[PDB]
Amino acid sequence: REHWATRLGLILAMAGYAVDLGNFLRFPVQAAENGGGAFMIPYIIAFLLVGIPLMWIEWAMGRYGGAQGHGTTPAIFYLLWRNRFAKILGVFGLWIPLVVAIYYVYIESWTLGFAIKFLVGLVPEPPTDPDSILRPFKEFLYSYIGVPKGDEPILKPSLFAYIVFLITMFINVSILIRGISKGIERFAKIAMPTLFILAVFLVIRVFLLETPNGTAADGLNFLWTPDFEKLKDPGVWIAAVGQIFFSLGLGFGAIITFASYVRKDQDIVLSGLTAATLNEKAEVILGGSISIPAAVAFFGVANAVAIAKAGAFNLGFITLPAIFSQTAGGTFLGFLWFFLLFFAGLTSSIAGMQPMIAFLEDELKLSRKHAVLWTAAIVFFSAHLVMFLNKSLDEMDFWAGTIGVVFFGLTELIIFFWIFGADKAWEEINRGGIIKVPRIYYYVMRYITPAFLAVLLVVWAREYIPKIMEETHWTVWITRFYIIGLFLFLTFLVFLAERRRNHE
C-alpha cells in the first residue's frame, strides 16, 4: 500500500484538505453575523466537543482500514460492523466526496480563470457610488458563469471558463496520477507555504488600506467586537457547530481515505490535532483579517452589516475584486487573491477525488493510472450538469455537502464508537500516539459529540428540507435524479467488488 513519506507531508496534506475558500470567505461572514467576537465562545466549544473528537475518529477509522488494505468506507464500515447494511451506508462515504468534487472543481476553475484575467489585466475598470463600482464586477462574474438573463434555468459559461475548467481538471489529474507521496504530499509541501506567504502579504496589504469611508482597523473592530446578546440565540450555537464541522471537512470520507495511508503504528493523535489547529489558525487569523476588514475599509463600517448578509460568494468574487480595482496595483492584488483561493481549492479537490480513486484501487484492483483517469472522467462528465443547469450546484451542495455530511459524520460515530465498540475504538485512536487523548474525551465521543450532531441534523432537516422540497424550481429534480443514479452506480460497483472477492 502507498504511504505518506514524512510526518510533515501528512500534516500539510491534511491541513491542505481542510484549508480552502471557506476559511477566507465563509468563516468571516458567519462570525460577523453571529456576535462577532462573542462568536468565538461557541466556536471554540464546538471545536473541543465536536470538531476535534470526530477528526481523531476519522483518522482512526482510516488508519485501521489502511492496515487491512482498504481506504474507503464501504469496506471500512464492514470491517467495523460485518453487516450488509454497513456496506450500503459506506457508499455515502464515496458518494458525498464524489458529488461535491463534481461541483467544487468547477468553482476551483473560476479562481484560476479570475487569477489569469487579473494577472493580464482583462478585468472591468470602473467608473463614485458603491453600485457603480460593484455592478461592472457583478457582470464580469455573470458573463463568466453565464448566469441566466431570461426565464430559462440555463447557464452559458464563456469559452474561457470552459477551457480553464479543462486546464483545472488536467492539473488535478497531474497531481493525483503521481500518487500519495510523490503527488499529493509533494504538492502539499509546496502549496501550503505558498498559501501562507500569499495570505500574509494580503493581510499586510489589507491593513494598510485607507479610504474616506474607513480603515482596515475599523474592519477588525466591527468583526471582533463581541455581541454577547447573540449567545442566547440557539441558531448562533448551531452556526458555530456547523462552521467547525464544515471547515474541518468532517463527514466527507476524505480524511478517512487520507488516514488510510498512515502506517499501522504511526501517530494520529498529535498529527490530527496539529492539522486541525493549522486549519483554525488559517481560518481565524488569516481569513478573518482579509475579506471583511477590506470590505469595511472601503465601503465604511456603515455598510458592514449589508456586506456580511450579501454572502461569501458575493464577497469573494464581486466585492473584493471591485475594491481592488480602486487601489494602487489592485489588479495584481486581485491576482494574488485568486491565486490564493486557487491553491486553497486545489489542495482540497485532490483530496476529494482520492476516495473514488482509492476505491477503484483497493476494491476493483485498478492501477493508479486507470483509477485516476476514470475518476477524472466521471467528474468531468458530471460537471457539465453544474456548468449548464442553474442551481444544480446548490442542490448537490445541499444533499451531499450539507445534509449528507452531518448524517454521515453521525453514522461514523455510531458505527465506530457504539457498534464496533467504544473500548476498541478508544484503543484504536491512542495506539502509536505521541500524546494520548485525555480520558475525558471518551465520554465526549460517546455521548456529547453524537448528541451535538443529532441536534444539528434535526434542526437543519426541519428548517431547510421543507423549503427545498416545496419552494424550488422543478429543475432540481434533474440534479436529484442524476446524483441518486450516481449512488446506484457506486452501489453496483460495491456489488462487483464483493463478487470479485468471492471469486478470488
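Start at 1 with the first residue shown and count on from there.
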> Do any residues of the deposited sequence lie unmodelled between residue 127 and residue 128, and which range holds their number: none, 1 to 3, 4 to 9, or 10 or more?
Replying inline: 1 to 3
>> Can you tell me whether 366-374 has a higher mean C-alpha B factor than 276-284 in this record, or the other way round?
In response: 276-284
>> Comparing average C-alpha B factors as deposited, tell me which of 225-233 and 328-336 sits higher.
In response: 225-233
> In this PDB entry, which of 318, 346, 209, 358 has the top CA B-factor?
Replying inline: 209
> When the CA B-factors of 402, 243, 143, 215 are compared as recorded in the entry, which is the largest?
Replying inline: 215
>> Taking only the Cα B-factors deposited for this chain, tell me whether residue 66 sits in the lowest, middle or highest third.
In response: middle
>> Sorting by Cα B-factor within the chain, modelled residues only, which third would residue 134 end up in: lowest, middle or highest?
In response: highest
>> Per the entry's values, where does residue 306 land by CA temperature factor relative to the rest of its chain, in the lowest, middle or highest third?
In response: highest
> Which third of the chain does residue 258 land in by C-alpha B-factor: lowest, middle or highest?
Replying inline: lowest
> Looking at the C-alpha B-factor of residue 109, is it in the lowest, middle or highest third of its chain?
Replying inline: lowest
